[PDB]
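# an experimental structure, sequence included, is below.
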Amino acid sequence: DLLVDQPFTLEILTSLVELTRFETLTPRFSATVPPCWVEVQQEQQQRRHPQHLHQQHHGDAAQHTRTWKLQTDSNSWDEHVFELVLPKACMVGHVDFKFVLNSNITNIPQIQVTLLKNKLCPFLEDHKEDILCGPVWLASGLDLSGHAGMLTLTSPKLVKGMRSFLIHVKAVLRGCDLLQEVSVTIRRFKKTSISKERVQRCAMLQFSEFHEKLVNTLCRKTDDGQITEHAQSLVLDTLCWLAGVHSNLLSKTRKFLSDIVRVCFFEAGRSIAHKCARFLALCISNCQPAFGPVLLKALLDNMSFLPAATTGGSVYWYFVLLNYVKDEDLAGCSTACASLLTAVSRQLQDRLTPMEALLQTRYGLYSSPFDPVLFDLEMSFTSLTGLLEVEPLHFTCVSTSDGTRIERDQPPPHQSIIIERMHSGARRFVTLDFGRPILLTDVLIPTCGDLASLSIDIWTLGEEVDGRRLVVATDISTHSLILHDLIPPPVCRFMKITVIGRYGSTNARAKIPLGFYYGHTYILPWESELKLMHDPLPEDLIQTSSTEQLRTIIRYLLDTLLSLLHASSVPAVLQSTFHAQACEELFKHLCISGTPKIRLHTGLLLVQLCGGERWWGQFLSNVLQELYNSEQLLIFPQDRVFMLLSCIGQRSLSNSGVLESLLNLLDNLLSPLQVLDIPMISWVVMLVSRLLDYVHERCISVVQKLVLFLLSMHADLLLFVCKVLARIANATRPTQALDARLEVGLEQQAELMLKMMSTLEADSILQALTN
């Protein structure tokens, strides 16, 4: 009878996922609100990005959405109640309480929003038994903008029911007066052919055995491990729905985390990793023990398997979660990352071929053209990732507004919309036809200051038939529009890009780069299913890894360690490792042979760790000696390594041993004057000159030998010799655009939290690099 009790075949999994998909309530609910809340017509609210062409399929906001602006009355700061009557009895999935706060908000207000049924704070005490989604902090719903957001009011009680609601918004300008605008949408459960679908959903929610079986099938600990990737996708859809509804499932997740992390981030694709990241974000948001520490333990237990991960896009989400959750047990994360980095750097250095060194030096090319296995592809924690798993989508412009057109200024050619007259606040559009219904997964439209906003609508049959709004980017003028790994990837043949010119601008002609679109030209049978859609219309692992996978792992580990130092006892540890010998090994492995980013990040990590240690100057002088002596046959980018060394010394110049050791090295090199390695003298003199620019007996010796050098003398070296001599003499004292379809499900706050995690990690890395 119940789908919960049956074996988890693809049919049962498909039915269970169908029992969780949502629709927007087709006829708009009626509402009564306090007088201080005044309704605004949805056409006015959507004037910038009109939706009228979707009216034929009820896609416009006037059919499901109410919006009220607040008038700052005497008591507008205090309790408010929105009574909401639905057109008909229905299986309500959730209530989307969108909000916009005043731009001049100093601190995010402390407002609780709760959902109740019609016939703790006193109003909720009186209506305690009718509470349908407990008090949710308004701040929980914030978008990345800081003053905006959404609360997806939902609960098991809401699912266990079927005409009227109350939204109680109480502040614990003051309080609710900081809430400039509110809007409400209601979303029901899709119409399913499944018998007793209400009881089916109840069974999904109540039974712990169901959660245990879901975890087991996800972890492939059932049915001989022959659970398909699509089955895992369906299981994660069900798990995400359960986590969103509930906020015992957490107990099963905590007990099987290590396996869940392994299966989702190391053995599956980008989509599975992203869905598991959303599930784990929901679990994080959810009297039980904290989930963050357990997730950290699972991630660090699986860290050793990173060289055996299947896709780069999967590793991206692993490291996003790890970087967010490292705050717990900082020392343990540091130890794991350092151990794996040291293990991987040795192999990466061992994998450098002479042809690769020649490419790096003679041409500055750091790819491995002889190794066919790439691991990750990016476009630009601020970029699209895992683009190897998706296909670049070619498109042809089929219609344009006015005289605008597209022009071209395997991957599709870079194309841009040329618009002859942009005006200000003027709408222009371009319709791109992919030639066939394609499975759209990623979009990147670069920043364009020429336009105030951009919007993407998608359809297959016609704009009025099955038109969907894919995204609205209001900050496209200042930020790139990046839609990364659309979890319910849309199916689209036609994409309408609608751009609005910048407010206060008459730049006659505009050239807007259309950007890049990724996905699949072949839609799999289950990826086009009208069902399952919302709103339908150990050391051997390192040895066997590829060079590119090791490079990606090194990049992520270096970023993790840099952010670890920024977030700093983690420096107390990383002293037992990354001592003088370990520091030298890591430099030799990564800064000499590594990619420019790996080189830079390893160098800066080494400064921030050991830059203040006594042996640091000896380390730098030893590196200079070993790498630039005329007897060194090693092929490496001497110029790039020297720039790295100069940066390292400049940022470590507070260490008195740096310049002391470099001047002692210069002294030893000039000893023959009082065998002469002129190129090493040149390198050392240039480095010391830059370090002195950034700013007794031993100094007497070095300056004397410099004098003998210039007396016994190339002309170019003489200038720097004189500069360094003078400097040494004088130096001594005694001389953002989410996909619009996330609103329909329970995975919008999870996606916002994932984006917040990525943004915080990027900010931490940038701060660490720019110390």
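Received the coordinates, thanks. Numbers count the residues shown, from 1 in each chain.

# now do the strands in the stretch 101-250 of the chain.
111-117, 131-137, 149-153, 164-171, 179-189 (DSSP state E, counting those that start in this stretch).

# what's the angle from the third one to strand 164-171?
Read it as strand 149-153. Here strand 149-153 runs at an angle of 130 degrees relative to strand 164-171 (axes from the mean of the first three to the mean of the last three C-alpha atoms, to 10 degrees).

# list the contacts of strand 149-153.
Under the contact criterion C-beta atoms under 8 Å, 6 or more residues apart in numbering, strand 149-153 has outside partners 94-99, 113-115, 132-133, 136, 138, 140-143, 167, 244, 743, 746, 748-749. Where C-beta positions appear, they are placed from N, C-alpha and C, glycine not excepted.

# and the angle from it to strand 131-137?
Using the same axes, to 10 degrees: strand 149-153 against strand 131-137 is 150 degrees.

# got the domain ranges for the protein?
The chain is divided into the following domains under automatic domain parsing: 22-189, 197-328+741-767, 391-520, 612-651+654-694+697-731.

# quick one: buried residues of the longest strand seen in the chain?
The longest strand of the chain (DSSP state E) is strand 427-445. By neighbour count on 16 or more other C-beta atoms under 10 Å, the buried set for strand 427-445 is 427-432, 434, 437-445.

# which of those sit farthest apart?
427 and 439 (28.6 Å; C-beta to C-beta).

# one step back: looking at the strands of the stretch 101-250 of the chain, which is buried most?
Of all the strands of the stretch 101-250 of the chain, strand 149-153 has the most neighbours on average by mean count of other C-beta atoms under 10 Å, namely a mean of 24.

# so how far is that strand off the chain centroid?
21 Å (C-alpha atoms, centre = their mean, to the nearest Å).

# what angle separates it from strand 111-117?
30 degrees.

# how far does stretch 418-428 stretch from one end to the other?
With C-alpha to C-alpha, to the nearest Å as the measure, the first residue of stretch 418-428 is 11 Å from its last.

# tell me the buried residues in it?
419, 422-423, 426-428.

# same question for stretch 295-306.
295-300, 302-306.

# what's the first helix or strand after the helix or strand harbouring residue 724?
Using DSSP states H and E, the element containing residue 724 is helix 715-731. Where DSSP H and E defines the elements, the next helix or strand beyond helix 715-731 is helix 748-769.

# let's have the buried residues of stretch 418-428 in a markdown table, adding distance to residue 393.
Below are the buried residues of stretch 418-428 laid out as a markdown table (distance: C-beta to C-beta, whole Å):
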| residue | distance to residue 393 |
| --- | --- |
| 419 | 23 |
| 422 | 27 |
| 423 | 31 |
| 426 | 28 |
| 427 | 25 |
| 428 | 22 |
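
# residue 593: which of these is nearest?
residue 419 (47.2 Å).

# just list whatever residues bridge to that closest one.
Note on residue 419: beta-bridge partners by DSSP bridges are residue 510.

# what of residue 458?
Taking DSSP bridges as the rule, residue 458 bridges to residue 468, residue 495.

# distance from the longest strand of the chain to the middle of the chain?
The answer for strand 427-445 is 23 Å, by C-alpha atoms, centre = their mean.

# likewise for stretch 453-473?
24 Å.

# mind starting the numbering at 8 from now?
In the new count, where the first residue is 8, that last one comes out as stretch 460-480.

# hey, C-alpha coordinates of that stretch in CSV?
Extracted C-alpha coordinates of stretch 460-480, given in CSV (Å, rounded to 0.1, in the frame of the first residue of the first chain):
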residue,chain,number,x,y,z
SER,A,460,18.9,44.7,-14.9
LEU,A,461,18.7,41.5,-16.8
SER,A,462,16.1,38.8,-16.9
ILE,A,463,16.1,35.3,-18.4
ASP,A,464,12.9,33.6,-19.4
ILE,A,465,12.8,30.0,-20.8
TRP,A,466,10.4,28.0,-22.8
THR,A,467,10.1,25.0,-25.2
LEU,A,468,6.9,25.3,-27.1
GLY,A,469,6.1,29.0,-26.8
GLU,A,470,6.5,31.9,-24.4
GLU,A,471,2.7,32.1,-23.8
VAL,A,472,2.5,28.3,-23.7
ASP,A,473,5.2,27.1,-21.3
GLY,A,474,7.2,30.3,-20.5
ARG,A,475,9.2,30.2,-17.3
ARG,A,476,11.2,32.9,-15.6
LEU,A,477,14.7,31.5,-15.2
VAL,A,478,16.3,34.4,-13.4
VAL,A,479,16.2,38.2,-12.6
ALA,A,480,19.6,39.8,-12.0
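
# list of residues touching it?
55-56, 58, 60-61, 63-64, 66, 444, 447, 450, 452, 455, 481, 483-484, 486, 488, 490, 497-507, 542, 544, 743-748.

# now the buried members of those residues.
Looks like the contacts of stretch 460-480 have 56, 58, 60-61, 64, 66, 444, 447, 450, 452, 455, 481, 483-484, 488, 490, 497-507, 542, 743-748 buried, using 16+ other C-beta under 10 Å.

# list of residues touching stretch 93-101?
Contact with stretch 93-101 is made by 29-30, 32, 34-37, 159-161, 165-166, 168-172, 193-196, 204-205, 208, 753, as judged by C-beta under 8 Å, 6+ apart.

# ok, now stretch 295-312?
Against stretch 295-312 from outside (C-beta under 8 Å, 6+ apart): 257-258, 260-261, 264-265, 267-269, 272-273, 287, 290-291, 325, 328-329, 332-336, 339-340, 343-344, 347, 545, 548.

# pretty sure residue 266 is touching residue 228, no?
Yes: with contacts counted by C-beta atoms under 8 Å, residue 266 reaches residue 228, the gap being 7.0 Å.

# what about the two, which has more around it?
residue 266 (18 against 13; other C-beta atoms under 10 Å).

# so the more buried one, which of the three states?
helix (DSSP: H, G, I helix; E, B strand; the rest coil).

# what sits against it?
226, 228.

# I'd like the distance between residue 519 and residue 150.
25 Å (C-beta to C-beta, to the nearest Å).

# do the same with residue 371
From residue 371 over to residue 150 the distance is 41 Å, taken as C-beta to C-beta.

# residues contacting residue 724?
Applying C-beta under 8 Å, 6+ apart, the residues near residue 724 are 685, 688-689, 692.

# will you turn the residues you listed into TSV that also has secondary structure?
Converted to TSV, these look like this (three-state DSSP):
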residue	secondary structure
685	helix
688	helix
689	helix
692	helix
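
# how about a markdown table for those, with neighbour count and distance to residue 358 added?
Output for those, formatted as a markdown table (neighbours: other C-beta atoms under 10 Å; distance: C-beta to C-beta, whole Å):
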| residue | neighbour count | distance to residue 358 |
| --- | --- | --- |
| 685 | 12 | 34 |
| 688 | 20 | 34 |
| 689 | 16 | 32 |
| 692 | 23 | 35 |
